[PDB]
Amino acid sequence: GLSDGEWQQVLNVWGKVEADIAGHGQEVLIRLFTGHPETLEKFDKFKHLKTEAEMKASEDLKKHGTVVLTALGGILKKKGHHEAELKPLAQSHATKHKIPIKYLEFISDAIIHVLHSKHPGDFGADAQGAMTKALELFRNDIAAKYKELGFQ
Ligand code: MNH
């Protein structure tokens, strides 16, 4: 698990995200779609987005960014007692959306990059560590539900 000190750092970092959840959520998704265009194909609602300019200008992309990060914030604030919040996300991402676990690895890396991009020099070595642990716990707990389903 994460230690208390570690959960505290994660939640301190999450405070930075909450000041602009849509902005953060949009940049996360844009970072994902542009570094991994296969990921765009999982979204019929974003597949028409031919350019980064188009992605940037999509209010519906922002809205979904808000949905994504609100759900993750929910989970993070549970400090690993997150099974009730996590299991249904796991299940819809395997069964409905068909999201391989590697794509969750991609979006985890995108979150780390965006935190550095938006908080250069304000997201220290300790904070990166604690947030990376939190994101690995999230991803590992979803992996566990995927295995149960035999997904991927
Ligand atoms: C952080 C990681 C992460 C979180 C917290 C997340 C949370 C959500 C939530 C909440 C919904 C709406 C409820 C549901 O379960 O259908 C949802 C819908 C979705 N998600 Mn995801 N999702 C991903 C990663 C995430 N998703 C990744 C990675 C992929 C693609 C590569 C993805 C593709 C989807 C698709 C597709 C939908 C349905 C979008 C739509 O409304 O049309 N996403």
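What you see of chain A is 2-153, where the numbers are those given in Swiss-Prot.
This entry, so its header tells us, was determined using X-ray crystallography, 1.9 Å.
Yeah, the Cβs are placed from backbone N, Cα and C, and that goes for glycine too.
Residues in the domain 'Globin' (2-148) partition by DSSP class (helix H, G, I; strand E, B; coil) as 113 helix, 0 strand, 34 coil. Residues or ranges marked as domain 'Globin' in Swiss-Prot: 2-148.
Feature annotation from Swiss-Prot assigns phosphoserine to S4; the stated evidence is similarity to another entry. Non-local neighbourhood of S4 (phosphoserine): empty, since no residue in the same chain at least six residues away has a C-beta under 8 Å from its C-beta.
Proximity of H65 (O2 binding site) to non-local residues of its own chain (separation of 6 or more, Cβ distance below 8 Å) is seen for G26, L30, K46, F47, given in sequence order. Per Swiss-Prot, the feature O2 binding site maps to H65; the stated evidence is similarity to another entry.
Annotation comment: Swiss-Prot describes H65 as nitrite binding site.
Around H94 (heme b binding site), taking its Cβ as the centre, 20 other Cβ atoms fall within 10 Å, counting all chains. Look at Swiss-Prot and you will find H94 tagged as heme b binding site, backed by experimental evidence.
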